[PDB]
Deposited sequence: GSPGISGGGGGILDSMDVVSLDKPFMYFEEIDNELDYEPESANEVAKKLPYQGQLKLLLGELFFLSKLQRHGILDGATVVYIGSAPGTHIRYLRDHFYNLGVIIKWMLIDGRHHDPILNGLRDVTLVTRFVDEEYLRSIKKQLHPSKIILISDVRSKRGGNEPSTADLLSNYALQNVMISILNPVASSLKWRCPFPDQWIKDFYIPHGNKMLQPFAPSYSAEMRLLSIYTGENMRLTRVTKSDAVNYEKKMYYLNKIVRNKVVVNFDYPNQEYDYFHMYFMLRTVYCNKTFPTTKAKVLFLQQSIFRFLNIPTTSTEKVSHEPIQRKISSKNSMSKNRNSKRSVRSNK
């Protein structure tokens, strides 16, 4: 058994302190070990991001514009959690695909069946005006060209919407499939527990101050670094059993999930952080129907 004692898990890309030459045969290995693992991955990252904004006083009163939200099954959980906490938020879920019917019938959540383009962003900006916007993007086109086009749309989302904060889907293209350098918004590169086994995807979290928008250039050399750091994390780290972690499940992803969940606010009061987390996790798995 692959055991280890760990202090804390890697929360951000910048924390990864080692690399491994990516082995292409990894792409054939089992990508998921849990049912609805994708909704779980998304729920944890978004609970983490949104709890932070609450902590900074920027959540209440905002309109969350989630683009690429369908099916969005897990979003029902997110909405319920903050709604029950007394936070006032309007949700605007936009996707050309249809949403899970559990999202219907909520006065605070608007479902839009539209694929967004720059022009549409302008009209909804005019319509949301003057509410404060929090953007969440999870749009999916694959190719490096598909990715670049996605990233380009995400930047137009921020420029037209001009949100107070954003969570963007972010996976650096493969260095060996490089087309050209580009810019992404500056922000924290949040690592994702329960991402597929060999996924190099993270979520870019940003809070906008003043009227400045800071971007950062990404080059092929950066692409090689992302690939190796993420491969090391996936191959080595995520395969660990954290024995000094006294919790029902000691696998790395549960240790990692624990650290994101401990930052979440609950109405119920708990004697220990471990009790709150077990509760949130049980609650989350029950909601998603994960045994």
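Colleague: Against the full deposited sequence, which stretches does the structure leave out?
Modeller: Comparing the full sequence with the modelled residues, the uncovered ranges come out as 1-15, 157-162, 313-348.
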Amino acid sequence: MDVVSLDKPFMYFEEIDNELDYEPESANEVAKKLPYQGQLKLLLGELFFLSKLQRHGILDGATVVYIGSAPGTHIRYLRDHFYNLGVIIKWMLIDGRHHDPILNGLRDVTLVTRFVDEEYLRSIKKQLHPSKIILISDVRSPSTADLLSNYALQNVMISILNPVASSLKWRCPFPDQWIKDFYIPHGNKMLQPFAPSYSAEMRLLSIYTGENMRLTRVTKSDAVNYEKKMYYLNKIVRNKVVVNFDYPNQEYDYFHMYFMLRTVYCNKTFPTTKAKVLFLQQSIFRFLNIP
From here on, numbers count along this sequence of modelled residues.
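Note that the rigid core is defined as the largest set of C-alphas that superpose within 1.5 Å between two forms.
Colleague: Between 207-215 and 89-97, which has the larger RMS C-alpha deviation from this form in 4 other deposited structures of this protein after core superposition?
Modeller: Checking 207-215 against 89-97 in 4 other deposited structures of this protein, I find the farther stretch is 207-215.
Colleague: Taking the mean of the C-alpha B-factors per stretch from the entry, tell me the winner out of 48-56 and 26-34.
Modeller: Between 48-56 and 26-34, it is 26-34.
Colleague: Of the two stretches 188-196 and 124-132, which shows the higher Cα B-factor on average in the entry?
Modeller: The stretch with the larger average C-alpha B-factor is 124-132.
Colleague: Highest Cα temperature factor in the entry, among the options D176, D138, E201, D108: which one is it?
Modeller: Comparing C-alpha B-factors across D176, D138, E201, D108, the top value belongs to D176.
Colleague: So among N162, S149, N212, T73, who wins on Cα B-factor in the entry?
Modeller: Comparing C-alpha B-factors across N162, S149, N212, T73, the maximum falls on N212.
Colleague: Ranking every modelled residue in this chain by its Cα temperature factor as given in the entry, which third contains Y208?
Modeller: Within its chain, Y208 is a highest-third residue by C-alpha B-factor, going by the deposited values.
Colleague: Could you say whether, by C-alpha temperature factor, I290 belongs to the lowest, middle or highest third of its chain?
Modeller: According to the entry, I290 has a C-alpha B-factor in the chain's middle third.
Colleague: When the deposited Cα B-factors of this chain's modelled residues are ordered and cut into thirds, is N155 in the lowest, the middle or the highest one?
Modeller: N155: CA B-factor falls in the middle third of its chain.
Colleague: Using the B-factors in the PDB entry, rank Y247's C-alpha atom against the chain and give the third, lowest, middle or highest.
Modeller: For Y247, the deposited C-alpha B-factor lands in the middle third.
Colleague: Ranking every modelled residue in this chain by its Cα temperature factor as given in the entry, which third contains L85?
Modeller: Ranked within chain, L85 CA B lands in the middle tercile.
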